[PDB]
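Okay, so here's just one chain, in structure tokens, the form deposited in one PDB entry.
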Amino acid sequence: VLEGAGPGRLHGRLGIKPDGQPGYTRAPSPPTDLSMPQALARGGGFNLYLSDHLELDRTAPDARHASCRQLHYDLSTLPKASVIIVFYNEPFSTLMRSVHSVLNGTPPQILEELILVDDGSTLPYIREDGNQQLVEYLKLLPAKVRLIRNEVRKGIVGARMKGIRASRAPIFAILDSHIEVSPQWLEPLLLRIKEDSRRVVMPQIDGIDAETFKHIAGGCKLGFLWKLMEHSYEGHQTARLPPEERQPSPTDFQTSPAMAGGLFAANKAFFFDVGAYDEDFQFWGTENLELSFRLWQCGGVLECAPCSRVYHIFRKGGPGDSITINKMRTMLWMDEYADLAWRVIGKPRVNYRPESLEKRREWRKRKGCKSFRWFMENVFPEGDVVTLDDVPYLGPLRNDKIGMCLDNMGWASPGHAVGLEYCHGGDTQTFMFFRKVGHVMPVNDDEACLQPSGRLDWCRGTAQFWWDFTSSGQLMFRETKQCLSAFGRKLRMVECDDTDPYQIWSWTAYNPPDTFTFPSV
């Protein structure tokens, strides 16, 4: 039951005790002699001295465009929804604030429940063998709110699964454990899925500083890099969209090849029929790109909602064998393109659970999921590699005259010079070519682009990174029409003369198979 309800306290006044004083004892203002690096250290990314001093009913600004406030929903016609917050060792202030923001900002008749999932927390206030601070504080919240636990820590997929299974409503929404909503955040999501159950709709994300906690606005279309992480459409990538979509209205829903994180809503039935999540994914990793490829390919639709805004606390501080498994398993959905991605993350040989993954290959064909080439040709044709014929060359860039190859000289990360070293055949000495934008990059970072300076730097789809690889073997920078020379084991730009053997290179052609055979375990 809701006691004292009203605008901004849609579920009533939360956290009050029998005697009327609040059930949370807020903290004093952070000390004046307060070293920010130590505070983010002891807070796991946040300034917890401040969060503990801020109110759990903190009032946030409306990050929604003005046109979003001019819409009217009918809360009787909308399907109830289960919000699912999953947390591992989230502090009390941030966690309880996220919950307050949801209950205060979600009409109760469209919020079936609010499920808090303990993914094996090891803190006294969240542990069943300790303070019991969380358990006792929950008794001061609506009945909608129920806690459930994982015996041990199962990770992102494992805990969202425990949470989604427990839901009751037709629709479930997933929220982080360190967030604040803007008003009317859930109404747009319910309305969009009511009209088509196949749609997974995600809110657009604003920020909360992890040092000052100032609210900050934020950015819909998202692609992916061949290192297998989401990547917001670069400027030259929106320029390929149709004109009618290059600059979309701030109230319209627009699609997205990928989802950035795990803040989305979906119909529980459709979600379970479209594959749900790969429960052999380990801890935190590439689940976002494997749920995104699978959704689109198996008759789904992914779009963001500019009228559905949620604030998130991006951190400023703090396994490894897990992120490479999640990536190999994501390649199932990439078909022949998995060769390229496999090479970019370093030809990794791991135990990707080949048994369960073959039962995901069976499931994939039983549903008749569309190919990854379908994906690239119809969902992400703005990308730079829509077919593997767009990667004409992958291998060493060798200069026969001096008998040396290029070398990232250690790392592929942007911002450091390239060198000429004796050829040894390792990935450090392998480079790829993207022809749609003329990018000479190290195979291990498709965000790193060679420049006439001889230095790698961040890739931009522009003329300052465009290279032509001529048929004589030259690396001609398009804007100056000068060619690259290895003279004196130094890299300088010179006049183009196909008779100059110091500027003529050899680059391995890239003709991968039509099917990718996974690397043995």
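Between two forms, the rigid core is defined as the largest C-alpha subset superposing within 1.5 Å. A residue's number is simply how far along the shown sequence it sits, counting from 1.
In what follows, reference is made to the form deposited in another entry, a form of this protein that is not presented.
- In the core-superposed comparison between this form and the one not shown, residue 471 has its Cα shifted by less than 2 Å.
- For residue 70, the Cα coordinates differ by under 2 angstroms between this form and the one not shown after the core has been superposed.
- Once both forms are overlaid on the rigid core, the distance between the two CA positions of residue 39 between this form and the one not shown is 2 angstroms or more.
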